[PDB]
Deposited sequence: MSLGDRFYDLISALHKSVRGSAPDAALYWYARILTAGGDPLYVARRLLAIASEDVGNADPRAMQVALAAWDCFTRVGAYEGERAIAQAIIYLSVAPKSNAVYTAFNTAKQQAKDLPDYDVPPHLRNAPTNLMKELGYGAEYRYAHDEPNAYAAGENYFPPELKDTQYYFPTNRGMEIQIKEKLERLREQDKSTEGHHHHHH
């Protein structure tokens, strides 16, 4: 199915475990086994969302910029930029809070009754096509639990403050 699944898994684990050296090893193993640098780049973007999230909201951009290097310069400089991204994500503060918050929200939308939009939340349009915030039943619902890492330190302080 996917010849590189174990390798990519080990790479993921090393990044989430803040082990840049082992991450570079597994990355090297994938390339030398004939794996595509963009196969890894796509999974790096997934790691930014799943494991770093709002602890470092710039991580997404570092990974996209590495991909842009591949797209503009080529495969070999691309490889090097993606290595730089791997190291960045490895040493970045980690938080899966946004990941798990979204997953919960999505499962609740699927499962719970389709409550009406409370009338006071209606009519808040945007410039697009032409020039309690929950339903009452769900009051106090919390999906997002910011950690004490990276930019989530300030976030957590702000959300608690205004809680």
Deposited positions lacking CA coordinates: 1 to 3, 135 to 155, 188 to 201
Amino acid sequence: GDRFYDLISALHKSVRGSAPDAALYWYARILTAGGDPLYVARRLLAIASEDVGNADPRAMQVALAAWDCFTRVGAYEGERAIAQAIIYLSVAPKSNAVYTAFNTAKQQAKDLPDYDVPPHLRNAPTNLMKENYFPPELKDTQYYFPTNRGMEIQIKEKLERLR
From here on, numbers count along this sequence of modelled residues.
146 to 154 versus 15 to 23 - greater average Cα B-factor per the deposited record: 146 to 154
Segment of higher mean CA temperature factor, 119 to 127 or 39 to 47: 119 to 127
Of the residues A105, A59, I30, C69, the one carrying the largest Cα B-factor as recorded: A59
